[PDB]
Amino acid sequence: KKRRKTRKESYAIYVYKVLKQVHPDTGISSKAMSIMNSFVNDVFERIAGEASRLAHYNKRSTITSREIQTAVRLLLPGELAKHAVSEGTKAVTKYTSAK
Amino acid sequence: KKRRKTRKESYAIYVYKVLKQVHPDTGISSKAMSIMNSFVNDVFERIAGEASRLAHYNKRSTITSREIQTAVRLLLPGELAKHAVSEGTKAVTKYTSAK
Amino acid sequence: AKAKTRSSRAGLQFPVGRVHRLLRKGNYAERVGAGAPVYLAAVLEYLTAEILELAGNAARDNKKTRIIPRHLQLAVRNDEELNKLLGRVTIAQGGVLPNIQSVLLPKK
Amino acid sequence: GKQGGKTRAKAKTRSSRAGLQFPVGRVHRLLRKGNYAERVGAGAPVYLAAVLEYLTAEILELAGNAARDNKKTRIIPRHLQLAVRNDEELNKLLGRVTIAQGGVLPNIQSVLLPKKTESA
Amino acid sequence: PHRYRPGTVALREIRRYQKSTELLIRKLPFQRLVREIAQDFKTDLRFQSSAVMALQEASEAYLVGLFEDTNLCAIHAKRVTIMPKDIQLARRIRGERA
Amino acid sequence: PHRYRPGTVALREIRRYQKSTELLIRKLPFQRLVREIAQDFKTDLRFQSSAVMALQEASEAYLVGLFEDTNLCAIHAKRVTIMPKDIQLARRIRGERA
Amino acid sequence: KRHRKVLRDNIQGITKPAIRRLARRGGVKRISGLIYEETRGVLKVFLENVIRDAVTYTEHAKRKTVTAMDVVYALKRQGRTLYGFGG
Amino acid sequence: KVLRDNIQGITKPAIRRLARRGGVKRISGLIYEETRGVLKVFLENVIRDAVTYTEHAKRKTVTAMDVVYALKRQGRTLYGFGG
Amino acid sequence: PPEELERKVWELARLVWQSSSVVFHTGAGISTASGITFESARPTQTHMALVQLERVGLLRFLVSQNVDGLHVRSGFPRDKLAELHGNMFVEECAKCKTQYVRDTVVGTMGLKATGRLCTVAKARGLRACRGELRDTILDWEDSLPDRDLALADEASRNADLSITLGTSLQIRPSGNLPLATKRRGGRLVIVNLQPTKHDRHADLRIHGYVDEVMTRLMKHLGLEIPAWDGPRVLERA
DNA sequence: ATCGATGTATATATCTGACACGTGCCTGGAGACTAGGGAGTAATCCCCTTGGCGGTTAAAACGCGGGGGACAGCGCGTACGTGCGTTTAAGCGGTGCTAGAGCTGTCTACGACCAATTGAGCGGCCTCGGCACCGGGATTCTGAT
DNA sequence: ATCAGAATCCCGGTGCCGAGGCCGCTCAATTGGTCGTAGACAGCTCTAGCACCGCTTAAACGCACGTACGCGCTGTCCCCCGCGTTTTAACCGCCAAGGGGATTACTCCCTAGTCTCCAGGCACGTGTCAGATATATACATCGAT
Ligand SMILES: [Zn+2]
């Protein structure tokens with residue numbers, strides 16, 4: 001053993017948890033889980049990178065929910081963006097309930 | 001008037017000082033100077049962005065002469081890369097002289 | 001008091017607290033505001049829910065019960081908006097959509 | 001003792017020390033404020049200034065030649081486009097860039113033109 | 001009485017507009033087009049003078065670069081006349097329509 | 001005695017290979033080619049087994065996408081057959097050959 | 001009208017001879033009569049894609065003028081960088 | 001012939017299968033050497049970056065991550081092997 | 001008749017002696033006169049005599065049409081020459097218009113790319129030029145090599161005695177440059193057995209073998225023609 | 001239009017290794033707290049943007065004439081697909097060795113922070129010459145003969 | 001090609017406003033120095049990469065055949081070009097006026113940083129069923145008669 005485990009993090013449990021919420025009978029192979037994990041990391045790098053540019057161009061030091069929203073509105077095409085911003089505001093307002 | 005002046009930095013004097021070193025009997029228009037200033041800002045953002053990714057993939061905190069050197073070797077094509085690397089090593093060794 | 005993960009508080013499965021660390025330590029900006037990780041986790045969950053819905057339906061149409069790389073490629077390329085989001089991505093073992101140009105097909 | 005700095009060294013800039021025209025201090029300050037990494041080592045901005053100076057000297061060399069061939073003596077955006085696009089390494093570096101007021105290189109696709117006599 | 005051969009004036013036009021560097025679309029029409037398009041995204045937008053010039057420079061350079069690629073496609077099909085299908089092929093291969 | 005007519009088994013191969021996940025180049029030949037190229041840049045390199053697989057997935061995806069755009073050009077020129085000039089037109093319009 | 005104008009039909013102001021001159025700079029010898037309505041369509045699609053981003057940059061900035069930097073960043077995002085406007 | 005050059009390991013039938021996977025009905029006899037030149041240029045551009053990332057890491061082994069980062073730079077992001 | 005030829009060649013020796021700014025023009029016959037590879041052919045006596053006339057100052061400037069490049073092979077000082085059609089020994093840099101000389105012939109023709117990328121290194125440690133090298137063979141009836149035309153026209157507008165050897169003046173502008181020597185009030189001499197379009201225009205017309213005429217001319221100037229001591233490479237007089 | 005043999009389908013049983021779930025462990029997310037600076041917000045100066053008007057004259061629009069280009073047909077030659085029999089070597093499994101990836105430990109050279117000092121770089125003003133314009137003289141072509 | 005004659009080039013005059021130099025001042029770079037941790041260097045261990053042996057049989061190879069596609073040529077029609085007249089509104093110069101950029105001062109809400117607490121997420125283990133394979137059998141479809 002000698003602590004060499006090192007603990008590799010992934011989105012695997014959350015992709016699985018979302019899959020079971022959407023299609024309860026379906027499962028996912030380890031190659032497909034690796035692809036889904038890569039997709040999340042790519043889209044995360046894009047949205048965070050565009051939010052960084054928006055903060056910098058406006059001389060702001062903070063990425064806020066506005067920067068993530070405009071980054072989403074710039075990155076995601078068409079109707080996918082409009083549903084994404086709806087789910088984004090719903091989550092942020094629910095998280096601000098009682099707060 | 002009225003203490004409302006606001007300075008904007010530019011590469012213009014350095015581009016001019018390099019121009020008179022390469023062609024002593026030549027001038028540059030304000031639009032050509034604005035283009036050169038934008039070219040420098042683009043190439044700076046490319047090299048610094050790749051040096052950042054290089055540092056992060058290797059789990060290092062510091063951008064160094066390494067990281068800049070390998071960013072330059074990745075970004076520039078052809079002999080433009082080998083000459084840029086020769087000039088960078090010449091500048092860093094001259095700067096380290098008498099340390 | 002008993003701890004509740006910021007994901008459960010936000011009504012979503014994706015890890016708000018992990019996405020907040022990944023923002024703070026990714027050097028994206030000097031500061032990351034408390035709404036940013038919630039909004040970003042909600043968007044990543046929605047995009048994974050869309051691609052998994054379409055992939056699960058493609059797998060069910062192929063009569064399988066596990067998602068494999070074909071079903072992810074079929075789901076992305078048959079959708080006009082996910083295909084534009086993933087325009088330059090290649091998926092390992094995904095194959096390509098079954099298309100043939102009309103003039104290549106037989107005359108009768 | 002710090003009174004030495006108050007009376008000695010005479011502010012030999014990092015550029016003049018490295019033998020550069022480009023501003024090492026400004027390139028360093030931009031690398032720190034741009035959030036590219038947690039730390040920025042002493043050789044990084046000297047190297048980056050040397051490279052930006054090399055690339056600007058390269059474009060100004062080619063643009064000054066283009067200006068001279070047009071019998072001009074001040075460089076205008078046309079000469080920068082003529083410099084960048086006639087060099088195979090710079091055209092690949094600036095492959096996604098449009099230069100304002102630059103136009104395009106004089107180029108006709110050869111099948112469009114008429115044809116000529118010969119006698120050996 | 002005098003008449004240049006059709007296509008020879010067109011050839012001089014190529015040579016001239018490739019030598020030159022000014023903008024080719026009329027400035028007032030391009031301003032009104034940009035304002036009509038932008039009116040779909042917000043009401044009562046205003047534009048800086050340089051902002052419209054930058055939209056014209058970028059759009060006019062894009063149109064020119066597309067016509068180069070369109071000409072390549074027309075020539076490849078053994079034509080000298082560009083047609084809508086050539087613009088459509090160039091836009092398909094460049095990944096704009098794909 | 002029996003023989004299928006020309007182009008119909010090619011059309012069956014289009015219909016088959018578009019239905020499959022598999023890699024289409026032989027694996028040991030692709031190993032020797034990747035090593036031959038890498039030895040020009042550094043002597044005595046090793047490869048992770050999965051690094052060779054990542055290169056094969058990317059290079060086969062690239063060649064397939066290139067052949068799809070090559071087919072569009074051949075069809076536009078009123079040909080069923082792809083030719084080297086179609087590959088060169090696709091690569092010029094995409095910005096690889098320019 | 002001194003304030004609050006609405007616009008339409010301005011696309012036909014990108015004149016037939018204007019499209020000709022652009023094709024000339026791009027090396028075109030001969031142009032079919034159908035090209036003008038196709039090119040107006042392409043120009044409008046391009047120009048909407050740049051303007052949508054430019055206006056989302058104005059909205060993020062909380063201001064009512066489109067600036068040259070908004071257009072420069074919109075073009076940079078789309079892999080189409082413009083030099084000469086202060087970027 | 002035992003004296004095979006490595007680039008001729010990308011056989012004519014392997015190229016046919018790649019073209020058929022891309023919807024190509026009929027393939028000219030000059031396509032194969034052009035396709036090999038295209039493939040060698042693609043691999044030189046990806047391997048040069050992967051070897052640059054390897055040398056930068058002070059290690060002798062090319063890893064799946066060095067290939068993924070080379071492909072991400074080229075504008076050809078590959079999902080399957082990591083982030 | 002040979003006696004009339006000798007008297008006219010004597011008078012040509014007087015014209016050449018007396019004239020202060022002699023310009024030679026040459027065509028393909030004079031270099032062909034050894035019985036003509038471009039690499040293996042030794043220069044004909046005419047060429048060497050031209051070098052000898054240059055050495056004594058009986059030549060202001062030289063023009064030629066001869067694609068053989070034997071004027072280049074003879075090391076006639078390059079700065080005093082024009083070879084209006086281009087030369088199988090000579091290539092040019094596109095990007096910066098420097099020139100060169102080579103051991104091998106170029107072989108290609110038509111201002112095409114000869115597979116070399118220039119060699120001019122630069123201060124301030126910038127790249128070497130890397131510019132495409134290109135052959136000098138014009139193909140047909142373009143604008144000539146710009147400097148070679150300008151100098152040939154200039155010298156013609158500035159010469160009091162043109163002399164035209166193995167020349168048909170029919171190629172424009174080339175043979176017409178000798179009309180600028182005439183138009184300014186200078187003299188013109190033509191030496192050929194063949195017809196020519198401007199044949200009416202000269203002060204002296206010779207019919208006879210050009211190597212024999214030039215060998216006689218040299219004898220009448222009292223000069224030995226130098227035998228060729230192998231190939232020559234003088235950029236400058 | 002029917003007929004036949006080929007390939008894709010489909011139904012069956014059967015065997016096997018990847019995924020789904022369970023358990024133990026330790027790491028990182030959380031909770032409650034503090035400290036200070038980022039950016040929200042309001043009030044002001046004044047730039048530059050939008051609108052309106054009258055002349056001008058360059059460009060756009062309409063027409064008409066006609067020639068060169070698109071493109072539909074058809075003919076011929078060679079190049080590429082389908083097939084089958086022979087040769088190669090890729091793929092498999094097994095066994096062996098040791099280079100180097102990966103981790104853990106120890107140390108110190110590097111660079112972030114900080115305050116005090118100065119000149120390098122910016123905005124603004126003014127001069128004058130590089131160059132846009134052009135009207136005049138020549139030549140260098142292209143149409144007239 | 002010969003003939004004047006355009007058609008354009010080369011040049012000297014003129015003129016203006018944009019490039020280059022100069023000034024002065026302010027804030028960004030430099031200097032000297034301390035602190036503490038990122039990372040370079042060494043030592044070990046055990047993964048997985050490279051090398052080799054031989055066996056099987058899928059695949060590549062190479063040769064024959066002939067069909068259909070490429071592309072070369074040609075004829076006919078109509079669509080676009082060039083040019084002349086008229087119409088238009090782009091352009092420009094002026095003048096009006098106020099929306100909204102940009103800069104400033106105030107101030108409190110927010111998020112970095114901290115310590116300790118504990119349960120979520122990772123690695124490791126093991127069992128079984130979703131799926132792959134082998135085999136039997138029915139239907140779909142292609143191409144010849
Ligand atoms: Zn050169």
# chains A, B, ... in the order shown; residues from 1 in each chain; ligands from 1
>>> residues_near_ligand(ligand="ligand 1", cutoff="9 Å", atoms="only C-alpha atoms (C1' of nucleotides) and all ligand atoms", output="list in words")
residues 92, 93, 94, 95, 96, 97, 98, 99, 117, 118, 119, 120, 121, 128, 129, 130, 131, 132 and 133 of chain I
>>> residues_around(residues="residue 69 in chain E", least_positions_apart="2", cutoff="12 Å", atoms="only C-alpha atoms (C1' of nucleotides)", output="PyMOL selection string")
(chain D and resi 109) or (chain E and resi 62-67+71-76+82+86-94) or (chain F and resi 89-95+98) or (chain G and resi 23+26-28)
>>> residues_around(residues="residue 30 in chain D", least_positions_apart="2", cutoff="12 Å", atoms="only C-alpha atoms (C1' of nucleotides)", output="ChimeraX atom specification")
/B:9,41,44-45,48 /D:23-28,32-37,40,44-45,48-49
>>> write_last_selection(atoms="N, CA, C and O atoms", output="mmCIF file, in the first residue's frame")
data_model
loop_
_atom_site.group_PDB
_atom_site.id
_atom_site.type_symbol
_atom_site.label_atom_id
_atom_site.label_comp_id
_atom_site.auth_asym_id
_atom_site.auth_seq_id
_atom_site.Cartn_x
_atom_site.Cartn_y
_atom_site.Cartn_z
ATOM 1 N N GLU B 9 -1.701 53.284 -21.588
ATOM 2 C CA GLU B 9 -0.445 52.639 -21.999
ATOM 3 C C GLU B 9 -0.532 52.064 -23.420
ATOM 4 O O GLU B 9 -1.590 51.603 -23.854
ATOM 5 N N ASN B 41 -0.069 42.690 -28.366
ATOM 6 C CA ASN B 41 -1.009 42.247 -27.344
ATOM 7 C C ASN B 41 -1.561 40.846 -27.626
ATOM 8 O O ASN B 41 -1.682 40.042 -26.708
ATOM 9 N N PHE B 44 1.446 38.316 -27.011
ATOM 10 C CA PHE B 44 1.619 38.254 -25.567
ATOM 11 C C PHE B 44 0.558 37.367 -24.907
ATOM 12 O O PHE B 44 0.910 36.472 -24.143
ATOM 13 N N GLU B 45 -0.724 37.552 -25.224
ATOM 14 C CA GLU B 45 -1.807 36.745 -24.656
ATOM 15 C C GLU B 45 -1.712 35.274 -25.049
ATOM 16 O O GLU B 45 -1.967 34.411 -24.211
ATOM 17 N N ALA B 48 1.582 33.789 -22.999
ATOM 18 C CA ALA B 48 1.265 33.718 -21.584
ATOM 19 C C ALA B 48 0.173 32.686 -21.266
ATOM 20 O O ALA B 48 0.288 31.947 -20.289
ATOM 21 N N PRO D 23 9.984 46.659 -22.889
ATOM 22 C CA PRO D 23 9.959 46.933 -21.458
ATOM 23 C C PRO D 23 9.807 45.663 -20.616
ATOM 24 O O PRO D 23 8.701 45.171 -20.404
ATOM 25 N N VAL D 24 10.897 45.148 -20.054
ATOM 26 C CA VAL D 24 10.864 43.958 -19.193
ATOM 27 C C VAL D 24 9.960 44.176 -17.985
ATOM 28 O O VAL D 24 9.163 43.303 -17.649
ATOM 29 N N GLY D 25 10.008 45.358 -17.370
ATOM 30 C CA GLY D 25 9.188 45.678 -16.207
ATOM 31 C C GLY D 25 7.696 45.631 -16.508
ATOM 32 O O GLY D 25 6.939 45.011 -15.767
ATOM 33 N N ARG D 26 7.278 46.182 -17.649
ATOM 34 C CA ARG D 26 5.880 46.155 -18.092
ATOM 35 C C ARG D 26 5.427 44.748 -18.460
ATOM 36 O O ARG D 26 4.350 44.342 -18.038
ATOM 37 N N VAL D 27 6.238 43.965 -19.175
ATOM 38 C CA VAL D 27 5.898 42.577 -19.505
ATOM 39 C C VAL D 27 5.727 41.741 -18.236
ATOM 40 O O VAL D 27 4.763 40.991 -18.121
ATOM 41 N N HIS D 28 6.602 41.914 -17.245
ATOM 42 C CA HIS D 28 6.481 41.280 -15.930
ATOM 43 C C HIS D 28 5.197 41.684 -15.198
ATOM 44 O O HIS D 28 4.472 40.826 -14.698
ATOM 45 N N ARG D 32 1.942 39.240 -14.157
ATOM 46 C CA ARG D 32 1.399 39.120 -12.794
ATOM 47 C C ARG D 32 -0.080 39.484 -12.705
ATOM 48 O O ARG D 32 -0.851 38.716 -12.142
ATOM 49 N N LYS D 33 -0.509 40.613 -13.273
ATOM 50 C CA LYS D 33 -1.921 41.029 -13.237
ATOM 51 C C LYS D 33 -2.850 40.233 -14.161
ATOM 52 O O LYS D 33 -4.052 40.211 -13.920
ATOM 53 N N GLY D 34 -2.339 39.535 -15.172
ATOM 54 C CA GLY D 34 -3.142 38.728 -16.103
ATOM 55 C C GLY D 34 -3.631 37.370 -15.582
ATOM 56 O O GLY D 34 -4.283 36.637 -16.320
ATOM 57 N N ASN D 35 -3.324 37.003 -14.336
ATOM 58 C CA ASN D 35 -3.704 35.731 -13.700
ATOM 59 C C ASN D 35 -3.201 34.452 -14.404
ATOM 60 O O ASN D 35 -3.761 33.377 -14.205
ATOM 61 N N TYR D 36 -2.139 34.512 -15.207
ATOM 62 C CA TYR D 36 -1.626 33.342 -15.926
ATOM 63 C C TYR D 36 -1.053 32.270 -15.006
ATOM 64 O O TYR D 36 -1.177 31.097 -15.299
ATOM 65 N N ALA D 37 -0.446 32.598 -13.883
ATOM 66 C CA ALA D 37 -0.041 31.602 -12.901
ATOM 67 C C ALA D 37 0.158 32.276 -11.548
ATOM 68 O O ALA D 37 0.188 33.501 -11.458
ATOM 69 N N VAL D 40 5.608 34.146 -11.029
ATOM 70 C CA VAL D 40 6.282 34.534 -12.271
ATOM 71 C C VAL D 40 7.757 34.783 -11.995
ATOM 72 O O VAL D 40 8.131 35.765 -11.368
ATOM 73 N N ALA D 44 11.338 34.828 -16.880
ATOM 74 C CA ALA D 44 10.148 34.776 -17.725
ATOM 75 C C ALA D 44 9.894 36.068 -18.523
ATOM 76 O O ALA D 44 9.806 35.992 -19.749
ATOM 77 N N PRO D 45 9.824 37.265 -17.909
ATOM 78 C CA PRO D 45 9.572 38.497 -18.640
ATOM 79 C C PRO D 45 10.743 38.959 -19.504
ATOM 80 O O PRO D 45 10.502 39.550 -20.549
ATOM 81 N N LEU D 48 10.240 36.733 -22.557
ATOM 82 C CA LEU D 48 9.055 37.159 -23.296
ATOM 83 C C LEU D 48 9.260 38.501 -24.012
ATOM 84 O O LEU D 48 8.917 38.622 -25.184
ATOM 85 N N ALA D 49 9.894 39.481 -23.368
ATOM 86 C CA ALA D 49 10.249 40.745 -24.002
ATOM 87 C C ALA D 49 11.209 40.550 -25.179
ATOM 88 O O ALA D 49 11.009 41.156 -26.226
#
>>> interface_residues(of="chain J", to="chain A", cutoff="10 Å", atoms="only C-alpha atoms (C1' of nucleotides)", output="PyMOL selection string")
chain J and resi 18-20+27+38-39+102-104
>>> write_last_selection(atoms="C-alpha atoms (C1' of nucleotides)", output="short mmCIF file (atom, residue, chain, number, x, y, z; two decimals), in the first residue's frame")
data_model
loop_
_atom_site.label_atom_id
_atom_site.label_comp_id
_atom_site.auth_asym_id
_atom_site.auth_seq_id
_atom_site.Cartn_x
_atom_site.Cartn_y
_atom_site.Cartn_z
"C1'" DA J 18 -17.31 -5.66 -16.53
"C1'" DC J 19 -20.45 -2.92 -13.64
"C1'" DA J 20 -22.99 -2.18 -9.95
"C1'" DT J 27 -9.36 13.50 2.85
"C1'" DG J 38 -14.45 45.65 -4.52
"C1'" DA J 39 -18.10 47.30 -6.91
"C1'" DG J 102 6.07 7.62 -9.26
"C1'" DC J 103 6.42 8.57 -4.40
"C1'" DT J 104 8.65 10.15 -0.24
#
>>> atom_distance(atom1="CA of residue 18 in chain C", atom2="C1' of residue 23 in chain J")
24.3 Å
>>> calpha_fit_rmsd(fixed="chain F", moving="chain E")
0.4 Å
>>> select_by_dssp(residues="chain B", states="alpha helix (DSSP H)", output="ChimeraX atom specification")
/B:12-22,30-57,65-75,78-96
>>> interface_residues(of="chain H", to="chain B", cutoff="10 Å", atoms="only C-alpha atoms", output="short mmCIF file (atom, residue, chain, number, x, y, z; two decimals) with N, CA, C and O atoms, in the first residue's frame")
data_model
loop_
_atom_site.label_atom_id
_atom_site.label_comp_id
_atom_site.auth_asym_id
_atom_site.auth_seq_id
_atom_site.Cartn_x
_atom_site.Cartn_y
_atom_site.Cartn_z
N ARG H 48 5.10 16.36 -32.62
CA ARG H 48 6.01 17.45 -32.24
C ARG H 48 5.56 18.12 -30.95
O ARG H 48 6.37 18.32 -30.04
N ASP H 49 4.28 18.41 -30.82
CA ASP H 49 3.73 18.96 -29.59
C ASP H 49 3.78 17.94 -28.45
O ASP H 49 4.22 18.28 -27.36
N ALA H 50 3.39 16.68 -28.67
CA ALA H 50 3.43 15.66 -27.63
C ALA H 50 4.85 15.43 -27.09
O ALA H 50 5.06 15.29 -25.88
N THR H 52 7.24 17.78 -27.26
CA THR H 52 7.50 19.03 -26.54
C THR H 52 6.93 19.00 -25.13
O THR H 52 7.64 19.34 -24.18
N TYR H 53 5.70 18.54 -24.93
CA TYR H 53 5.14 18.38 -23.59
C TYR H 53 5.90 17.32 -22.78
O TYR H 53 6.11 17.49 -21.59
N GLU H 55 9.26 16.42 -23.13
CA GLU H 55 10.54 17.04 -22.78
C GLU H 55 10.36 18.10 -21.70
O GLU H 55 11.16 18.18 -20.77
N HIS H 56 9.29 18.89 -21.76
CA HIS H 56 8.99 19.89 -20.75
C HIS H 56 8.77 19.27 -19.36
O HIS H 56 9.19 19.85 -18.37
N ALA H 57 8.20 18.07 -19.29
CA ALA H 57 8.00 17.31 -18.06
C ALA H 57 9.25 16.56 -17.56
O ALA H 57 9.18 15.84 -16.57
N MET H 65 -1.94 11.89 -21.97
CA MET H 65 -2.15 13.32 -21.75
C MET H 65 -1.36 14.21 -22.71
O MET H 65 -1.91 15.17 -23.23
N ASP H 66 -0.12 13.87 -23.05
CA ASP H 66 0.66 14.65 -24.01
C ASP H 66 -0.01 14.69 -25.39
O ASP H 66 0.03 15.71 -26.07
N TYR H 69 -3.35 16.94 -25.02
CA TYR H 69 -3.00 18.36 -25.04
C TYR H 69 -2.51 18.83 -26.41
O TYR H 69 -2.92 19.90 -26.85
N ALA H 70 -1.73 18.03 -27.14
CA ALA H 70 -1.41 18.33 -28.52
C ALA H 70 -2.68 18.48 -29.37
O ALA H 70 -2.86 19.49 -30.04
N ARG H 73 -4.62 21.78 -28.45
CA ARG H 73 -3.95 22.87 -29.17
C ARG H 73 -4.29 22.96 -30.65
O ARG H 73 -4.58 24.04 -31.13
#
>>> closest_atom_pairs(of="chain C", to="chain E", cutoff="10 Å", atoms="only C-alpha atoms", output="tab-separated table")
residue	atom	partner	partner_atom	distance
C:80	CA	E:98	CA	9.8
C:83	CA	E:98	CA	9.3
C:84	CA	E:98	CA	8.7
C:87	CA	E:95	CA	8.4
C:88	CA	E:95	CA	9.4
>>> write_last_selection(atoms="C-alpha atoms", output="mmCIF file, in the first residue's frame")
data_model
loop_
_atom_site.group_PDB
_atom_site.id
_atom_site.type_symbol
_atom_site.label_atom_id
_atom_site.label_comp_id
_atom_site.auth_asym_id
_atom_site.auth_seq_id
_atom_site.Cartn_x
_atom_site.Cartn_y
_atom_site.Cartn_z
ATOM 1 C CA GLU C 80 -28.668 20.721 -34.166
ATOM 2 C CA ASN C 83 -23.655 19.370 -32.606
ATOM 3 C CA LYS C 84 -22.795 23.113 -32.751
ATOM 4 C CA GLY C 87 -18.493 21.083 -33.413
ATOM 5 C CA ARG C 88 -14.707 20.443 -33.152
#
>>> calpha_fit_rmsd(fixed="chain B", moving="chain A")
0.6 Å
>>> atom_distance(atom1="CA of residue 44 in chain E", atom2="CA of residue 70 in chain G")
17.0 Å
>>> closest_atom_pairs(of="chain J", to="chain H", cutoff="9 Å", atoms="only C-alpha atoms (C1' of nucleotides)", output="CSV")
residue,atom,partner,partner_atom,distance
J:79,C1',H:29,CA,8.2
J:80,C1',H:28,CA,7.2
J:81,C1',H:26,CA,8.4
J:100,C1',H:60,CA,7.9
J:101,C1',H:59,CA,8.3
>>> write_last_selection(atoms="N, CA, C and O atoms (P, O5', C5', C4', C3', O3' and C1' of nucleotides)", output="mmCIF file, in the first residue's frame")
data_model
loop_
_atom_site.group_PDB
_atom_site.id
_atom_site.type_symbol
_atom_site.label_atom_id
_atom_site.label_comp_id
_atom_site.auth_asym_id
_atom_site.auth_seq_id
_atom_site.Cartn_x
_atom_site.Cartn_y
_atom_site.Cartn_z
ATOM 1 P P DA J 79 -5.531 5.511 -67.015
ATOM 2 O "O5'" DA J 79 -6.243 5.831 -65.619
ATOM 3 C "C5'" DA J 79 -7.619 6.171 -65.545
ATOM 4 C "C4'" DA J 79 -8.456 5.090 -64.848
ATOM 5 C "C3'" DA J 79 -7.837 4.587 -63.544
ATOM 6 O "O3'" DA J 79 -8.455 5.294 -62.495
ATOM 7 C "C1'" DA J 79 -9.096 2.941 -64.700
ATOM 8 P P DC J 80 -8.022 5.100 -60.971
ATOM 9 O "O5'" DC J 80 -9.070 4.037 -60.390
ATOM 10 C "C5'" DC J 80 -10.445 4.364 -60.302
ATOM 11 C "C4'" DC J 80 -11.318 3.138 -60.022
ATOM 12 C "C3'" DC J 80 -11.041 2.483 -58.670
ATOM 13 O "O3'" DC J 80 -12.270 2.399 -57.964
ATOM 14 C "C1'" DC J 80 -11.012 0.908 -60.457
ATOM 15 P P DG J 81 -12.418 1.743 -56.513
ATOM 16 O "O5'" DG J 81 -13.332 0.471 -56.823
ATOM 17 C "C5'" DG J 81 -14.642 0.661 -57.327
ATOM 18 C "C4'" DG J 81 -15.349 -0.649 -57.683
ATOM 19 C "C3'" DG J 81 -15.465 -1.586 -56.488
ATOM 20 O "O3'" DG J 81 -16.735 -2.204 -56.536
ATOM 21 C "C1'" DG J 81 -14.224 -2.598 -58.223
ATOM 22 P P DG J 100 15.456 4.922 -19.353
ATOM 23 O "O5'" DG J 100 14.188 5.260 -18.432
ATOM 24 C "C5'" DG J 100 12.858 5.110 -18.905
ATOM 25 C "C4'" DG J 100 11.813 5.283 -17.798
ATOM 26 C "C3'" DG J 100 11.972 6.605 -17.046
ATOM 27 O "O3'" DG J 100 10.718 7.108 -16.638
ATOM 28 C "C1'" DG J 100 12.084 4.789 -15.563
ATOM 29 P P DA J 101 10.038 8.398 -17.305
ATOM 30 O "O5'" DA J 101 8.594 8.365 -16.618
ATOM 31 C "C5'" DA J 101 7.639 7.393 -16.997
ATOM 32 C "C4'" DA J 101 6.830 6.880 -15.808
ATOM 33 C "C3'" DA J 101 6.192 7.988 -14.978
ATOM 34 O "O3'" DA J 101 4.860 7.589 -14.718
ATOM 35 C "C1'" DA J 101 7.544 6.590 -13.626
#
>>> atom_distance(atom1="CA of residue 56 in chain I", atom2="CA of residue 80 in chain I")
14.2 Å
>>> residues_around(residues="residue 76 in chain G", least_positions_apart="4", cutoff="10 Å", atoms="only C-alpha atoms (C1' of nucleotides)", output="PyMOL selection string")
(chain D and resi 96-97) or (chain G and resi 50+70-72+80-82+87)
>>> closest_atom_pairs(of="chain J", to="chain D", cutoff="8 Å", atoms="only C-alpha atoms (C1' of nucleotides)", output="Markdown table")
| residue | atom | partner | partner_atom | distance |
| --- | --- | --- | --- | --- |
| J:111 | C1' | D:41 | CA | 6.6 |
| J:117 | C1' | D:6 | CA | 6.7 |
| J:130 | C1' | D:73 | CA | 7.5 |
>>> interface_residues(of="chain K", to="chain B", cutoff="9 Å", atoms="only C-alpha atoms (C1' of nucleotides)", output="list in words")
residues 18, 19, 38, 39 and 103 of chain K
>>> write_last_selection(atoms="C-alpha atoms (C1' of nucleotides)", output="compact mmCIF listing (two decimals), in the first residue's frame")
# COMPACT_ATOMS: atom_id res chain seq x y z
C1' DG K 18 -0.53 64.22 -39.73
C1' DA K 19 3.96 62.56 -38.08
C1' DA K 38 7.93 25.67 -4.23
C1' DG K 39 10.71 22.58 -6.30
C1' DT K 103 -14.91 59.89 -14.20
>>> interface_residues(of="chain G", to="chain B", cutoff="7 Å", atoms="only C-alpha atoms", output="ChimeraX atom specification")
/G:83-84,86-87
